[PDB]
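Next up: a single chain in structure tokens, the form deposited in one PDB entry.
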């Protein structure tokens, strides 16, 4: 009635599933009681106790023992009678999954040893008193990460006597950045504090000339999160033997973030509508999302790049892998490994918006995970870029990474995973091409300094910005930068169009422009400058094209167009000012209030083309958070969330979100509608459970206006 011919044992791919170890493995009475019996086990698992504090696992809102691999911890077993070294033999067993196998690392018998050897599992009797033995158990630093079952087995000559199933002794074993033998070892305490223990983050957005920031709750220590992270791997049917490998954990975990069909954590959406779900802009942290995923057991709607990164960062940090979110400004996504972004122009100099279909994202967020790379030559360990936002790679439409940031900076894109696609996000050239009326194409200009202009991440201790641009690229013009490019071209990166006659403009005319930062609903100026360094007189025709775009760069509508007839004297400089009125863009704005500007100019004399692009985001005023009360763990604190409608219009179905790990579970309030320029208030009583520097996080989302945030640093005390 059917044979299992594919493999002798079904795959062991679920931490949730468990078998039943026999309590009596006898080999015949031939022909007990007088043998050792376990009366109880002590794990010293209190959060104030030495195990959790020495393992840095005391923050988890979990009452079970949680330790980190490759480091010893204490347990104590109580026997029916005193243990006798001569005549007695027992061992502790760690078991994970339904089909444990010692050679697969899922069945781990811990032997009593005299001395703990570094790198191997072992139990050292550190103390014998009465009917008790105090053990110092050390795990392997390559151990599988997950929740293990614990048993104590006494070996008699006729078999094994083992403890029965006890959910109270279930032990979680995580990655250990503190352990020098661990693949994820980070030798700097301040960095471990930030990249592993910090449960609050800062995401940078906006545009390079007006960097905006908002806080995100990672909430890795919150109740249920650790278990949800194991559930993610189980849903991925991730092989238990592979869960101790940070590379494979990063690889499989990141593929689970973006949902394809009914599998995955988040459904991606950039439609500015989001029917039947929550707008990506509404989320305040990962907790909300991961718990919803866990209970519904279905993908959560909806997410965008920073949301994918926030959730993946929670996953990494919760398991013990050092992780941070990075933001790349002017990002070339969906690049197919091409190092060129095309902008097509009409013959007169206008931007041909029919052909110009590729867009540079104002910003794009991805993650970096810290680990060694034993699959690559020496020198590629460290930060590995992993982008859970899909794009076409060699396998299809999927996440990219982990890719060694070291390999990327040097152009060694031949080393897995998906390196050429990450290299192209930060190194592409903007190519300006005239698409003539006869069918031919002429390359006019090359801008090699626009894409990947600034790459940032939150600073260690502090909400500040840390510029990590030089970790990804060498400085423009440097010899090493040209060598890195050449090496990349050798390994699959491509440049379809040859650009030689290009960039050698004999005009010597410099053009540039700036846009003042504006507040939503206000007017603002745009100045275009022209420098003539030659002793020649020129006449120029310039075009201004202004569009309302998504943060991805995708344009919705051109809201303003202008033409300028400039005459430049030899050795002269001149500024022209254009005035953009609130009435021109309002009513057409998309979420994030992003605007894009093209300024192209044709020099009538030399036939040369000058081009420049810039993005702008309109500043939307933040939400106000107020705290009234005492501010002590266990005792009440009143939090008031205040939002003032900035539009001269009625906001409808205004959802406000409150969050703060260790202070409050994520909550949300729904307001029928908000009158033009009127204010609403939300008062909630909070009973914090974590002391020290904490933070309150708020967000606002309506049928129209959204992507509005607020935050407050509070100081809670102990008892």
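Positions refer to the first chain, counted from 1.
- Per-stretch averaging of Cα B factors for 310-318 and 162-170 places 162-170 on top.
- When 6-14 is weighed against 21-29, 21-29 comes out higher, by mean CA B-factor as recorded in the entry.
- Across the options 327, 391, 572, 404, the residue with the most elevated CA B-factor in the record is 572.
- Based on the entry's C-alpha B-factors, the most elevated value among 418, 479, 336, 129 belongs to 479.
- For residue 280, the recorded CA temperature factor ranks within the middle third of the chain's modelled residues.
- Sort the chain's modelled residues by C-alpha temperature factor and residue 396 lands in the lowest third, per the entry.
- In the PDB entry, a CA B factor belonging to the lowest third of its chain's modelled residues is recorded for residue 66.
- Placement of the Cα temperature factor of residue 681 within the chain: highest third of the modelled residues, per the deposited record.
- Per the PDB record, residue ranking by Cα B-factor puts residue 274 in the middle third of the chain.
Another form, the form solved in complex with a partner chain, is not on view; read the next lines as being about it.
- This chain lacks the partner; the member of 302, 361, 218, 283 within 4.5 angstroms of its partner chain in the deposited complex by a non-hydrogen atom is 361.
- In terms of contact with its partner chain in the deposited complex, the residue from 518, 343, 526, 108 that brings a heavy atom within 4.5 Å is 343.
- Looking at 603-611, 302-310, 454-462, 75-83, the stretch with residues near its partner chain in the deposited complex, meaning non-hydrogen atoms within 4.5 angstroms, turns out to be 302-310.
- Residue contact with its partner chain in the deposited complex: residue 330 places a heavy atom within 4.5 Å of it.
- When contacts are judged by a 4.5 Å heavy atom cut-off, residue 356 counts as touching its partner chain in the deposited complex.
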